[PDB]
Amino acid sequence: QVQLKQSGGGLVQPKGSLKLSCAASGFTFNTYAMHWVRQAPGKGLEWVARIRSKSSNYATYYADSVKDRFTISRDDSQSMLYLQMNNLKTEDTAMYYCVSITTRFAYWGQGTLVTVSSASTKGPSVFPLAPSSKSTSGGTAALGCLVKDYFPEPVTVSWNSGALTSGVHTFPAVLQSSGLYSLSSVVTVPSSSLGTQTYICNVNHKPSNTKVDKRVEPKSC
Amino acid sequence: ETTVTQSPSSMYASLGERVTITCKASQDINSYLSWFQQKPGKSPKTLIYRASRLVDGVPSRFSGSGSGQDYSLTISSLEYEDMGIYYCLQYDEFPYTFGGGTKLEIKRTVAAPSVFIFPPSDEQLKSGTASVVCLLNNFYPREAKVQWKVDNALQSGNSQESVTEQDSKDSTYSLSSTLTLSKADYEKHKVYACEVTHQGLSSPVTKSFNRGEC
Ligand SMILES: CC(=O)N[C@@H](CCCCNC(=O)[C@@H](NC(=O)Cc1ccccc1)[C@@H]1N[C@@H](C(=O)O)C(C)(C)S1)C(=O)O
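For the protein sequence lines, the chains are H and L, in the order given. To convert, note that position 32 of the first sequence is 51 in the deposited numbering; the numbers rise steadily by one, no gaps. To convert, note that position 170 of the second sequence is 189 in the deposited numbering; the numbers rise steadily by one, no gaps.
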């Protein structure tokens, strides 16, 4: 059981600085080089920084984009890999992976999201996506929650505290023109259950400590 | 740096089929090439190193090959768990560069979408914005044309789409289109309609509501 357990990251303003941490366990950390690799949202993988073992003088190598702004470092007594990130720019917004390539394996951390923006965190507004009573009487009906105007990523959505999973689609977040994210989550249900069964979407936005439950009902006039 | 180009960038295949992806480097890389599988929302998983060495635990149906600049990964008989994005990695000279990635998805039959339209909530309108949401549920292939018609007028520049990854049970996609309008513009109109063109439909399908009527 090899683990690279990552810590740190989050929201930070441009020109600011941040330090990422990675705790290695279950392999001979000290003999192997360690790396950080980036994945901008929806885009490709890119190498960030490399550092070799004591046996190679802890030689450090950097991508050109970060050469004089980031520093990779390691503490072999504590099995810790670090990335000190200074003079941050918008284009550094990415998921950052701690990576160890060994003799016969390559291990990836779970990643830590870094968002480089001056904006403060903003919790979502959750609005009902409600089916009007046009729904085919013996067929399927759709309802959902619109999870709007939050920052930064991510949000999670469940339905009836996880009891409702079948037919659920929670869409990838969209970056709106306002610069805030927005997403919908929907579920299809028997049209016979509108009015008789109860549907609650549970929205969680950790960066803002927001937890919102919204009951979605058919609507009335 | 060394440049790594992958082909094709995406592809569909059926279960049991033999799949081959290629990976071409701008220069000789001495078989220092590695292949990774990434499933959505997960971290990469290492599959092959030194062009053809399997990492312990990777099924034998996975095979890699090549030399010089031209390399390939091959899945002898595709299985459901093999879907995802595959990256190749040149690690001969630093900076170690990745390919653009090959998206592998599973083929299935055409499926027409269930279409639903959702008016803006009264709650949302209290804040001065109106979002109108159109849902295309459980369809295949991914390509779909959605147009918004407000009082018979096409909309441009005020709508965004988002599409799920292939469903793990029926390999379909779902899409949401969100039309954003001011409360002022929204209340100046009656008929909000969503028009869906798709290969699983003989003719376009439309779902609509009239602002105001239950
Ligand atoms: C004591 C001493 O001197 N050590 C040196 C580092 C070398 C230590 C042993 N070497 C490795 O584990 C290498 N691993 C592979 O070839 C297998 C592989 C490749 C790709 C995917 C999966 C498996 C290379 N190691 C990386 C690196 O060196 O950055 C690499 C070049 C990216 S792969 C040191 O610390 O200087």
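The C-beta atom is built at its ideal place from N, Cα and C for all residues, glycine as well.
Could you list the residues in the segment 200-221 of chain L with a C-beta less than 9 angstroms from some C-beta on chain H, going in chain order?
Flagged: no residues at all.
Over what stretch of residues does the beta strand (DSSP E) that includes residue 18 of chain L continue unbroken?
Beyond the ends of chain L as shown, which are 20 and 233, falls residue 18 of chain L; an answer cannot be given.
DSSP three-state label for H:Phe-46, please.
Locating residue 46 of chain H in the first sequence gives position 27, where the first residue counts as 1. Here H:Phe-46 sits in coil by DSSP.
So, helix, strand or coil for L:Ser-227, using DSSP?
Mapped onto the second sequence, residue 227 of chain L falls at position 208. In this structure, L:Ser-227 counts as strand in the three-state DSSP scheme.
Drop a sphere of 10 angstroms on the beta-carbon of H:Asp-87, count the other beta-carbons inside from all chains shown, and report buried for 16 or more, exposed for fewer.
In the first sequence, the residue the question calls residue 87 of chain H occupies position 68. Burial call: exposed.
Closer than 7 angstroms: is that where the CB of L:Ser-150 sits relative to any heavy atom of ligand 1?
Taking the first residue of the second sequence as position 1, residue 150 of chain L is located at position 131. False, no ligand heavy atom lies under 7 angstroms from that Cβ.
Less than 7 angstroms between the CB of L:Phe-135 and some heavy atom of ligand 1, yes or no?
Walking along the second sequence from the start, residue 135 of chain L turns up at place 116. Result no, Cβ not under 7 angstroms from ligand 1.
Return yes when the C-beta of H:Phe-124 is under 7 angstroms from any heavy atom of ligand 1, and no when it is not.
For this step, residue 124 of chain H is matched to residue 105 along the first sequence. True, at least one ligand heavy atom lies under 7 angstroms from that Cβ.
Between H:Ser-119, H:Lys-167 and H:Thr-189, which has its C-alpha nearest H:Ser-177's C-alpha?
Here residue 177 of chain H refers to the residue found at position 158 of the first sequence. Selected option, being the one with the closest Cα: H:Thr-189.
How about H:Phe-48 and H:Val-67: do their beta carbons lie closer than 8 angstroms?
Within the first sequence, numbered from 1, the residue matching residue 48 of chain H stands at position 29. Within the first sequence, numbered from 1, the residue matching residue 67 of chain H stands at position 48. Contact flag unset, no.
For ligand 1, is there a heavy atom less than 7 angstroms away from the beta-carbon of L:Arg-80?
If you number the second sequence from 1, residue 80 of chain L lands on position 61. Flag unset: Cβ of L:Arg-80 not near ligand 1.
Identify every residue that forms a DSSP beta bridge with L:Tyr-68.
The count along the second sequence starts at 1 and reaches residue 68 of chain L at position 49. Answer by DSSP bridge pairing, in chain order: L:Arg-72.
Along the segment 70-97 of chain L, where does the CB come closer than 9 angstroms to a CB of chain H? Name the residues.
Within the segment 70-97 of chain L, the residues whose Cβ lies closer than 9 angstroms to some Cβ of chain H are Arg-72, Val-74 and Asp-75, listed in chain order.
Considering only their Cβ atoms, is the gap separating L:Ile-67 from L:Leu-92 smaller than 8 angstroms?
Sequence index remark: in the second sequence, residue 92 of chain L carries index 73 (1-based). Sequence index remark: in the second sequence, residue 67 of chain L carries index 48 (1-based). The answer is yes: Cβ separation under 8 angstroms.
Taking only heavy atoms of ligand 1 into account, decide whether any of them is closer than 7 angstroms to the Cβ of H:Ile-120.
Here residue 120 of chain H is taken as the residue at index 101 of the first sequence, counted from 1. Result yes, Cβ under 7 angstroms from ligand 1.
Output needed in chain order: residues of the segment 159-179 of chain L with a Cβ under 8 angstroms from some Cβ in chain H.
Flagged, chain order: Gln-179.
Among the candidates L:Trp-54, L:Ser-175, L:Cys-213 and L:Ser-33, whose CA atom is the shortest distance from the CA of L:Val-224?
Within the second sequence, residue 224 of chain L is the residue found at index 205, counting from 1. Measuring from the Cα of L:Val-224, the nearest candidate turns out to be L:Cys-213.
Please report the straight-line C-alpha distance between L:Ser-33 and H:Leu-100, rounded to a whole angstrom.
Start at 1 with the first residue of the second sequence, and residue 33 of chain L comes out as number 14. Start at 1 with the first residue of the first sequence, and residue 100 of chain H comes out as number 81. Near 42 angstroms, if we compare the C-alpha coordinates of H:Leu-100 and L:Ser-33.
To be precise: take each residue of the segment 127-143 of chain L, compare its Cβ to all Cβ atoms of chain H, and keep it if any distance is under 8 angstroms. Which residues remain?
The residues in question are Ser-133, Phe-135, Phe-137, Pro-138, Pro-139, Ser-140, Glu-142 and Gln-143.
Taking buried to mean at least 16 other C-beta atoms within 10 Å of its own C-beta, is L:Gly-83 buried or exposed?
For the purposes of this step, residue 83 of chain L is taken as the residue at position 64 of the second sequence. So L:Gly-83 ends up on the buried side.
Can you find a heavy atom of ligand 1 that lies under 7 angstroms from the Cβ of H:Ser-26?
As a position in the first sequence, residue 26 of chain H is number 7, starting the count at 1. Answer for H:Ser-26: no, Cβ out of range of ligand 1.
Taking all protein chains shown into account, do 16 or more other C-beta atoms lie within 10 angstroms of the C-beta of L:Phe-137, making it buried, or fewer, making it exposed?
Along the second sequence, one-based indexing puts residue 137 of chain L at 118. Per the 10 Å Cβ criterion, buried.
In chain order, what residues of the same chain have a beta carbon less than 8 angstroms from the beta carbon of H:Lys-38, not counting five sequence neighbours either side?
Position 19 of the first sequence, counting from 1, holds the residue named residue 38 of chain H. Closer than 8 angstroms at the Cβ level, and outside the excluded window around H:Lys-38, lie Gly-27, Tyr-101, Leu-102, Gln-103 and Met-104.
Thinking C-beta only, is L:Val-23 closer than 8 angstroms to L:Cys-107?
The residue given as residue 107 of chain L occupies position 88 in the second sequence. The residue given as residue 23 of chain L occupies position 4 in the second sequence. Their beta carbons are under 8 angstroms apart, which means L:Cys-107 touches L:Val-23 by this criterion.
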